[PDB]
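Participant: Just one file: run.cif, with mmCIF, C-alpha atoms; chains and numbers go by the auth columns.
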data_entry
#
loop_
_atom_site.group_PDB
_atom_site.id
_atom_site.type_symbol
_atom_site.label_atom_id
_atom_site.label_comp_id
_atom_site.label_asym_id
_atom_site.label_seq_id
_atom_site.Cartn_x
_atom_site.Cartn_y
_atom_site.Cartn_z
_atom_site.B_iso_or_equiv
_atom_site.auth_seq_id
_atom_site.auth_asym_id
ATOM 1 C CA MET A 1 23.446 -3.061 7.783 0.00 1 A
ATOM 2 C CA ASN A 2 22.878 -5.007 11.002 0.00 2 A
ATOM 3 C CA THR A 3 20.079 -7.279 12.201 0.00 3 A
ATOM 4 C CA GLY A 4 19.408 -10.012 14.732 0.00 4 A
ATOM 5 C CA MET A 5 17.622 -13.333 14.446 0.00 5 A
ATOM 6 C CA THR A 6 14.664 -11.708 12.687 0.00 6 A
ATOM 7 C CA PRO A 7 15.315 -10.088 9.260 0.00 7 A
ATOM 8 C CA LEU A 8 13.791 -6.784 10.369 0.00 8 A
ATOM 9 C CA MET A 9 16.056 -3.726 10.519 0.00 9 A
ATOM 10 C CA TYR A 10 15.941 -0.267 12.085 0.00 10 A
ATOM 11 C CA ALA A 11 13.824 0.996 9.173 0.00 11 A
ATOM 12 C CA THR A 12 10.942 -1.381 9.918 0.00 12 A
ATOM 13 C CA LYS A 13 11.453 -1.036 13.680 0.00 13 A
ATOM 14 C CA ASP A 14 11.488 2.771 13.587 0.00 14 A
ATOM 15 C CA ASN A 15 8.763 2.849 10.919 0.00 15 A
ATOM 16 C CA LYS A 16 6.239 1.211 13.272 0.00 16 A
ATOM 17 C CA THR A 17 7.145 2.883 16.591 0.00 17 A
ATOM 18 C CA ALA A 18 5.951 6.478 15.831 0.00 18 A
ATOM 19 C CA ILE A 19 9.542 7.756 15.735 0.00 19 A
ATOM 20 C CA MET A 20 9.059 9.898 12.581 0.00 20 A
ATOM 21 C CA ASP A 21 11.964 12.234 13.389 0.00 21 A
ATOM 22 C CA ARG A 22 14.394 9.370 14.030 0.00 22 A
ATOM 23 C CA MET A 23 12.495 7.412 11.365 0.00 23 A
ATOM 24 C CA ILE A 24 13.132 10.364 9.035 0.00 24 A
ATOM 25 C CA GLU A 25 16.872 10.461 9.730 0.00 25 A
ATOM 26 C CA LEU A 26 17.032 6.660 9.887 0.00 26 A
ATOM 27 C CA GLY A 27 14.585 6.719 6.982 0.00 27 A
ATOM 28 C CA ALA A 28 17.106 8.868 5.114 0.00 28 A
ATOM 29 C CA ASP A 29 20.137 6.679 5.850 0.00 29 A
ATOM 30 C CA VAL A 30 17.939 3.625 5.300 0.00 30 A
ATOM 31 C CA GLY A 31 16.528 5.525 2.331 0.00 31 A
ATOM 32 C CA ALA A 32 20.033 5.550 0.875 0.00 32 A
ATOM 33 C CA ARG A 33 20.831 1.994 2.031 0.00 33 A
ATOM 34 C CA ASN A 34 17.729 -0.251 2.042 0.00 34 A
ATOM 35 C CA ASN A 35 14.817 1.880 0.816 0.00 35 A
ATOM 36 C CA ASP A 36 13.387 -0.990 -1.266 0.00 36 A
ATOM 37 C CA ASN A 37 13.687 -3.567 1.530 0.00 37 A
ATOM 38 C CA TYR A 38 10.806 -5.791 2.638 0.00 38 A
ATOM 39 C CA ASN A 39 10.211 -7.880 5.749 0.00 39 A
ATOM 40 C CA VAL A 40 10.176 -11.667 6.115 0.00 40 A
ATOM 41 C CA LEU A 41 6.481 -11.693 5.159 0.00 41 A
ATOM 42 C CA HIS A 42 7.149 -9.265 2.230 0.00 42 A
ATOM 43 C CA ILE A 43 6.050 -6.247 4.344 0.00 43 A
ATOM 44 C CA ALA A 44 7.842 -3.454 2.468 0.00 44 A
ATOM 45 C CA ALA A 45 8.445 0.044 3.861 0.00 45 A
ATOM 46 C CA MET A 46 5.411 1.385 2.007 0.00 46 A
ATOM 47 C CA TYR A 47 3.509 -1.769 2.982 0.00 47 A
ATOM 48 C CA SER A 48 4.436 -1.910 6.680 0.00 48 A
ATOM 49 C CA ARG A 49 4.653 1.870 7.125 0.00 49 A
ATOM 50 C CA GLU A 50 1.382 2.355 5.238 0.00 50 A
ATOM 51 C CA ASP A 51 0.052 -0.681 7.128 0.00 51 A
ATOM 52 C CA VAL A 52 0.464 0.045 10.823 0.00 52 A
ATOM 53 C CA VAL A 53 -0.165 3.723 11.671 0.00 53 A
ATOM 54 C CA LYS A 54 2.245 5.833 9.662 0.00 54 A
ATOM 55 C CA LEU A 55 1.156 8.394 7.092 0.00 55 A
ATOM 56 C CA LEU A 56 4.118 10.737 7.605 0.00 56 A
ATOM 57 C CA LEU A 57 6.596 7.879 7.172 0.00 57 A
ATOM 58 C CA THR A 58 4.741 6.841 4.015 0.00 58 A
ATOM 59 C CA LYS A 59 4.804 10.421 2.709 0.00 59 A
ATOM 60 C CA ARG A 60 8.442 11.092 3.626 0.00 60 A
ATOM 61 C CA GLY A 61 9.462 7.514 2.859 0.00 61 A
ATOM 62 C CA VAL A 62 7.591 7.485 -0.448 0.00 62 A
ATOM 63 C CA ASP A 63 8.781 11.024 -1.179 0.00 63 A
ATOM 64 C CA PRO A 64 12.576 10.472 -1.071 0.00 64 A
ATOM 65 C CA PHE A 65 13.248 7.246 -2.993 0.00 65 A
ATOM 66 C CA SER A 66 10.154 5.006 -3.004 0.00 66 A
ATOM 67 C CA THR A 67 8.126 5.621 -6.187 0.00 67 A
ATOM 68 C CA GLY A 68 4.384 4.946 -6.350 0.00 68 A
ATOM 69 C CA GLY A 69 3.797 1.249 -6.880 0.00 69 A
ATOM 70 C CA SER A 70 4.622 -1.932 -5.015 0.00 70 A
ATOM 71 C CA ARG A 71 3.691 -5.615 -4.726 0.00 71 A
ATOM 72 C CA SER A 72 3.364 -7.924 -1.738 0.00 72 A
ATOM 73 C CA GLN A 73 3.526 -11.727 -1.689 0.00 73 A
ATOM 74 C CA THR A 74 -0.197 -11.875 -2.520 0.00 74 A
ATOM 75 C CA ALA A 75 0.280 -9.061 -5.132 0.00 75 A
ATOM 76 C CA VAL A 76 -1.147 -6.468 -2.700 0.00 76 A
ATOM 77 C CA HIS A 77 -0.227 -3.127 -4.260 0.00 77 A
ATOM 78 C CA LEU A 78 0.373 0.030 -2.229 0.00 78 A
ATOM 79 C CA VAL A 79 -3.051 1.344 -3.231 0.00 79 A
ATOM 80 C CA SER A 80 -4.475 -2.160 -2.757 0.00 80 A
ATOM 81 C CA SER A 81 -2.923 -2.824 0.658 0.00 81 A
ATOM 82 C CA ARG A 82 -3.695 0.816 1.409 0.00 82 A
ATOM 83 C CA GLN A 83 -7.309 -0.098 0.641 0.00 83 A
ATOM 84 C CA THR A 84 -6.962 -3.421 2.481 0.00 84 A
ATOM 85 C CA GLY A 85 -6.061 -1.569 5.685 0.00 85 A
ATOM 86 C CA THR A 86 -8.892 0.981 5.089 0.00 86 A
ATOM 87 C CA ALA A 87 -6.416 3.863 4.869 0.00 87 A
ATOM 88 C CA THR A 88 -7.769 7.139 3.487 0.00 88 A
ATOM 89 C CA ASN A 89 -4.630 9.190 2.817 0.00 89 A
ATOM 90 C CA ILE A 90 -2.552 6.222 1.629 0.00 90 A
ATOM 91 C CA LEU A 91 -5.158 4.931 -0.830 0.00 91 A
ATOM 92 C CA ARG A 92 -6.116 8.488 -1.802 0.00 92 A
ATOM 93 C CA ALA A 93 -2.546 9.675 -2.397 0.00 93 A
ATOM 94 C CA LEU A 94 -1.717 6.290 -3.930 0.00 94 A
ATOM 95 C CA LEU A 95 -4.737 6.455 -6.243 0.00 95 A
ATOM 96 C CA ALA A 96 -3.781 10.034 -7.128 0.00 96 A
ATOM 97 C CA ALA A 97 -0.420 8.693 -8.322 0.00 97 A
ATOM 98 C CA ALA A 98 -0.242 6.891 -11.670 0.00 98 A
ATOM 99 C CA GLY A 99 1.063 3.551 -10.469 0.00 99 A
ATOM 100 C CA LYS A 100 -1.786 1.572 -12.009 0.00 100 A
ATOM 101 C CA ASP A 101 -3.242 4.978 -13.096 0.00 101 A
ATOM 102 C CA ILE A 102 -6.822 3.646 -13.193 0.00 102 A
ATOM 103 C CA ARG A 103 -6.732 1.629 -9.932 0.00 103 A
ATOM 104 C CA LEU A 104 -7.989 -1.303 -12.033 0.00 104 A
ATOM 105 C CA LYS A 105 -4.748 -3.201 -12.672 0.00 105 A
ATOM 106 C CA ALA A 106 -5.780 -5.808 -10.125 0.00 106 A
ATOM 107 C CA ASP A 107 -3.785 -8.273 -8.030 0.00 107 A
ATOM 108 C CA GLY A 108 -3.273 -11.981 -8.683 0.00 108 A
ATOM 109 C CA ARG A 109 -6.653 -12.778 -7.111 0.00 109 A
ATOM 110 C CA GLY A 110 -8.340 -9.789 -8.750 0.00 110 A
ATOM 111 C CA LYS A 111 -7.753 -7.750 -5.579 0.00 111 A
ATOM 112 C CA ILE A 112 -7.916 -4.237 -7.003 0.00 112 A
ATOM 113 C CA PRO A 113 -8.969 -1.290 -4.801 0.00 113 A
ATOM 114 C CA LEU A 114 -12.591 -1.779 -5.884 0.00 114 A
ATOM 115 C CA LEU A 115 -12.534 -5.492 -5.018 0.00 115 A
ATOM 116 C CA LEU A 116 -10.764 -5.233 -1.656 0.00 116 A
ATOM 117 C CA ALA A 117 -12.544 -1.987 -0.773 0.00 117 A
ATOM 118 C CA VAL A 118 -15.913 -3.394 -1.845 0.00 118 A
ATOM 119 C CA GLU A 119 -15.484 -6.702 0.003 0.00 119 A
ATOM 120 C CA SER A 120 -14.454 -5.097 3.319 0.00 120 A
ATOM 121 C CA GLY A 121 -17.077 -2.349 3.599 0.00 121 A
ATOM 122 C CA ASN A 122 -14.509 0.298 2.637 0.00 122 A
ATOM 123 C CA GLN A 123 -16.833 2.338 0.388 0.00 123 A
ATOM 124 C CA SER A 124 -15.264 5.546 1.732 0.00 124 A
ATOM 125 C CA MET A 125 -12.123 4.363 -0.065 0.00 125 A
ATOM 126 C CA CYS A 126 -14.151 2.848 -2.933 0.00 126 A
ATOM 127 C CA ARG A 127 -15.613 6.279 -3.719 0.00 127 A
ATOM 128 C CA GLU A 128 -12.423 7.545 -5.369 0.00 128 A
ATOM 129 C CA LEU A 129 -10.902 4.060 -5.669 0.00 129 A
ATOM 130 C CA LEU A 130 -14.051 2.779 -7.365 0.00 130 A
ATOM 131 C CA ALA A 131 -14.434 6.119 -9.131 0.00 131 A
ATOM 132 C CA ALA A 132 -11.231 5.496 -11.069 0.00 132 A
ATOM 133 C CA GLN A 133 -11.721 1.727 -10.786 0.00 133 A
ATOM 134 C CA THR A 134 -15.261 2.202 -12.088 0.00 134 A
ATOM 135 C CA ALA A 135 -13.957 4.699 -14.645 0.00 135 A
ATOM 136 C CA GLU A 136 -11.966 1.771 -16.077 0.00 136 A
ATOM 137 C CA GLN A 137 -13.487 -1.378 -14.531 0.00 137 A
ATOM 138 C CA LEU A 138 -17.121 -0.688 -13.595 0.00 138 A
ATOM 139 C CA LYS A 139 -17.859 -4.201 -14.860 0.00 139 A
ATOM 140 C CA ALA A 140 -15.344 -5.592 -12.361 0.00 140 A
ATOM 141 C CA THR A 141 -14.764 -9.053 -13.805 0.00 141 A
ATOM 142 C CA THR A 142 -13.492 -11.069 -10.842 0.00 142 A
ATOM 143 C CA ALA A 143 -12.406 -14.716 -10.753 0.00 143 A
ATOM 144 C CA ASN A 144 -15.703 -16.002 -9.317 0.00 144 A
ATOM 145 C CA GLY A 145 -17.689 -13.297 -11.122 0.00 145 A
ATOM 146 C CA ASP A 146 -18.355 -11.455 -7.841 0.00 146 A
ATOM 147 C CA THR A 147 -18.293 -7.815 -8.915 0.00 147 A
ATOM 148 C CA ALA A 148 -19.114 -4.880 -6.618 0.00 148 A
ATOM 149 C CA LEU A 149 -22.869 -5.449 -6.802 0.00 149 A
ATOM 150 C CA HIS A 150 -22.330 -9.229 -6.833 0.00 150 A
ATOM 151 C CA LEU A 151 -19.910 -9.550 -3.917 0.00 151 A
#
Have the structure of the file written as structure tokens, please.
Facilitator:
Amino acid sequence: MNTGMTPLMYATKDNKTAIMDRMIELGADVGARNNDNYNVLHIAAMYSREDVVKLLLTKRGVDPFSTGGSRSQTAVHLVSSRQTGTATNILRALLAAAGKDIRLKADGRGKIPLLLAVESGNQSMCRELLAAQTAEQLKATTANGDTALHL
């Protein structure tokens, strides 16, 4: 492992530069070395790779050694931060996986996929995300009481 002044490595640098071949080989060596590594702002490989542009690095990176389920500094899960970035394949494939398994195990601020998808105008993601999250948490009890119809 080698890095400079910033704590970012070649996995986060190749994961955000559309280098999916070299991010697949470096994602395999980094997948054996630092697959569960996060950034300085807790941007993990599923979080930063599923955050910037990458769906193939989230599928190949989440396929080899990164199981479905993560948590950021603000408890943003992979389905939650996938819904926070308005991603369709990341929140759809993340909601298809049984990490929270209902998409209703919310964050620390109640930021489930229905809350973050409902507050941001992400109803294309809140169709399936609030289909499971309304299959468990249709009465989405938030902290301020702002549910889907209330927020």
Participant: Write out as a count of residues only the residues lying within 12 Å of residue A:20, counting only C-alpha atoms and excluding same-chain residues fewer than 2 positions away.
Facilitator: 25
Participant: Hey, can you check how far atom CA of residue A:90 sits from atom CA of residue A:78?
Facilitator: 7.9 Å
Participant: Between atom CA of residue A:137 and atom CA of residue A:87, what distance in Å does the model show, to one decimal?
Facilitator: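 Value for the atom CA of residue A:137-atom CA of residue A:87 distance: 21.3 Å.
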Participant: What's the separation between atom CA of residue A:40 and atom CA of residue A:71, in Å to one decimal place?
Facilitator: 14.0 Å
Participant: Determine, counting all atoms listed in the file, which protein, DNA and RNA residues have an atom within 8 Å of an atom of residue A:91; residues of the same chain fewer than 2 positions away are not included. Present the result as an NGL selection string.
Facilitator: :A and (78-80 or 82-83 or 87-89 or 93-95 or 125 or 129)
Participant: Give me, as a list in words, all polymer residues having an atom no more than 9 Å from stretch 147-151 of chain A, counting all atoms listed in the file and skipping those fewer than 5 positions away in the same chain.
Facilitator: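 Listed by chain and then number, they are residues 114, 115, 118, 119, 138, 139, 140, 141 and 142 of chain A.
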Participant: When the PyMOL selection byres ((chain A and resi 39) around 10) is applied to the structure above, which residues does it catch, written out as a PyMOL selection string?
Facilitator: chain A and resi 6-9+12+37-38+40-45+47-48
Participant: Can you list, as a PyMOL selection string, the residues that the PyMOL selection byres ((chain A and resi 104) around 9) selects here?
Facilitator: chain A and resi 100-103+105-106+112-114+129-130+132-137+140
Participant: I'd like to know which of A:107, A:36, A:21, A:128 is closest to residue A:77, using all atoms listed in the file.
Facilitator: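 Ranked by minimum distance to residue A:77, first place goes to A:107.
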Participant: Quick one: what's the axis-aligned box for stretch 25-31 of chain A, all listed atoms, 5 Å on every side, centre and edges in Å to one decimal, as AutoDock Vina command-line options?
Facilitator:
--center_x 17.4 --center_y 7.0 --center_z 6.1 --size_x 15.6 --size_y 16.8 --size_z 17.6
